[PDB]
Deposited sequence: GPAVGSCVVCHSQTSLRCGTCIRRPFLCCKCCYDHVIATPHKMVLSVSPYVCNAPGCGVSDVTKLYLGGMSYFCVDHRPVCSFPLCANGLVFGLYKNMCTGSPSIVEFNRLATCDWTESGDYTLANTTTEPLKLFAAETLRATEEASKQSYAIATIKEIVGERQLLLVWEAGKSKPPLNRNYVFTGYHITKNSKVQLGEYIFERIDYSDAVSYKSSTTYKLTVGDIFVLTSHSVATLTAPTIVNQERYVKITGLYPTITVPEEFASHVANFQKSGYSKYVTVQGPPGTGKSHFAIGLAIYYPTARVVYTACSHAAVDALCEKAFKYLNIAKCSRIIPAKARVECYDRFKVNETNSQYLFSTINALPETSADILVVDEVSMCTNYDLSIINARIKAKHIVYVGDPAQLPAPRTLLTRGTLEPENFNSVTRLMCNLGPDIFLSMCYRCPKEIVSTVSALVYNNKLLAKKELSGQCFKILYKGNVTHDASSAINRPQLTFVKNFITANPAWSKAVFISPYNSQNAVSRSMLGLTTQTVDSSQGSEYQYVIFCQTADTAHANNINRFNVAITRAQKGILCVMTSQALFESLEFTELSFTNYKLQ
């Protein structure tokens, strides 16, 4: 409308800040505290607060006065007139009963910060529930406004169908050819486009909202997008029940899911349940396990990556009656997703969808997978689209968070990823998946005591092929992300003096160190990010340079736990080293 409730207190108001990126309602007290304490001096009501005299055009509430019934410049004001902005209040409708809040100072920060220091993202998650939304809107609003800052790309030459030659206009910084970046082609809108560099090279791979055939000399612009208005909270209000509501158990489970009826039932005695699942503990199993235990129920599976949502579709394909399954692909289809399920049949008993592609519907169970990789925006969008009797958050605050491409200075603790990991970390999880089915007992006991407080167990026994060395080596920055050849050279001698390890997989905290490892040892390489989901049978973690990013325990965990039988780790930090229950080697004895 244009009369609403203060986004800080709940008071009624007709005023909103006209230079904050999202124009939020502010009451007469909070608007005062906002404008005196911040560069924001433009106040909007039904009519903007500007000077009425012709051609004046000053819009600084600290300079506008009320004369008669029109607003006035200091130079233009009539004889008697009072300021719009004095006494601690801004001139609005409900001037009597605007209470205000001490939390106005948290607003002023959220409304003014550039989203670069990690201190701001922690506030965005510890604040009041209404400000949790404002932070989330403005965060996504500035992120889409930064798109127009990155440079544009022209097509120099076509190296093949379908691979291209990036050419990036200098004079403005150049965005990463990444999934987090969606370009549109061109004076005709050719479609949506996503990019990926082919084997660490100067050319780029290519998937799109197909199928236009590109002409050399085209353009790719990171198009800024529109940002929703958040109304549903990040987490719906919690309800405890005396009996399984809305859902109807079955008798009985097949032999496979019997171990999870205990937990499947819990998911029915509360409005929302939170499930932690370290790698290999089979969370996709648990998630489809619900729809088997409550076969009458409509369940909607959702997550962030099309990869995660496809991971659920697959586990569902072999356990569920594909007749009433549907994959919800948006109108703009850029990634090739699942194919065996029907498409866009918004009525089927089983729905699979990206959060962004969620349709407005309802469910008896809503399953949100990879919850750590969410943003509080993502949550509020889930609760707005899906009215649901139950919600089962499934994720792991020890694995990866969502990439926050604006954050440069700072470290975000896992307790402040979502409103949901904040719960999992302080209160603990409701369900915990404690049996690891993927890893040798050596590496699971190291994580189980590093990040899981020894709640995590092992099924595989020890493997022996778990090794450990404190080789510092020197680091060199040809590329900004670091490089350390002196310890890769150790790997070469290791692998050359070793047998099956040739089929190992290289995992380093740094995007460059992998690339050179492609030169010096030519193994299959995967970033710790590009390894969640996949599991490998021999891995080598070559950390580097003692940066924070390198000592990041969470990312450490996802890398290590890719292993099925064997692992070694050349370590650049003496402290983390002795936490690995792996057999140590030395430079003089790496036999």
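Residues 1, 188 to 193, 599 to 600 of the deposited sequence have no C-alpha coordinates in the structure.
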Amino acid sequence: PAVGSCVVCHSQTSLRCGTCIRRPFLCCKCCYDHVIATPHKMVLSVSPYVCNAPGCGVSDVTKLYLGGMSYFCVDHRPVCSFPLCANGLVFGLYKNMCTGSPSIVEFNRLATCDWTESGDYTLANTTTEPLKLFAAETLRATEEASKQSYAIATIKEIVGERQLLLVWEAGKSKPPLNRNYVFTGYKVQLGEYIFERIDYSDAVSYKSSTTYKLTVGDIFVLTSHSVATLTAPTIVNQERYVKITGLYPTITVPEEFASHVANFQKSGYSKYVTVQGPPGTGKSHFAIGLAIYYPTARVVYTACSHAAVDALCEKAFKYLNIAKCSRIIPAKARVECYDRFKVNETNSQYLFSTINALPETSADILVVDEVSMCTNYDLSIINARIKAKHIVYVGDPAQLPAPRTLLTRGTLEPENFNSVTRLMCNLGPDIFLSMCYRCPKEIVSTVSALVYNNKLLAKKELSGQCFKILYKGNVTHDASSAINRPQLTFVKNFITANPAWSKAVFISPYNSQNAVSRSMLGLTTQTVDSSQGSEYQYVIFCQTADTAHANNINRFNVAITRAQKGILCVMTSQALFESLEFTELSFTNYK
From here on, numbers count along this sequence of modelled residues.
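For the pair 5 to 13 and 568 to 576, the mean Cα B-factor is higher in 568 to 576. As listed in the deposited structure, the average C-alpha B-factor of 494 to 502 and of 291 to 299 is greater for 494 to 502. Of the residues listed, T421, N263, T126, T210, the entry assigns the biggest Cα temperature factor to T210.
Comparing C-alpha B-factors across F286, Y71, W168, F432 in the deposited entry, the largest value falls on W168. In the deposited entry, the Cα temperature factor of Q543 places it in the middle third of its chain's modelled residues. When the modelled residues of the chain are ordered by their C-alpha B factor, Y377 lands in the lowest third. Per the PDB record, residue ranking by Cα B-factor puts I507 in the middle third of the chain. When the CA B factors of the chain's modelled residues are split into thirds, the value for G533 lands in the middle one. When the modelled residues of the chain are ordered by C-alpha B-factor, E415 sits in the lowest third.
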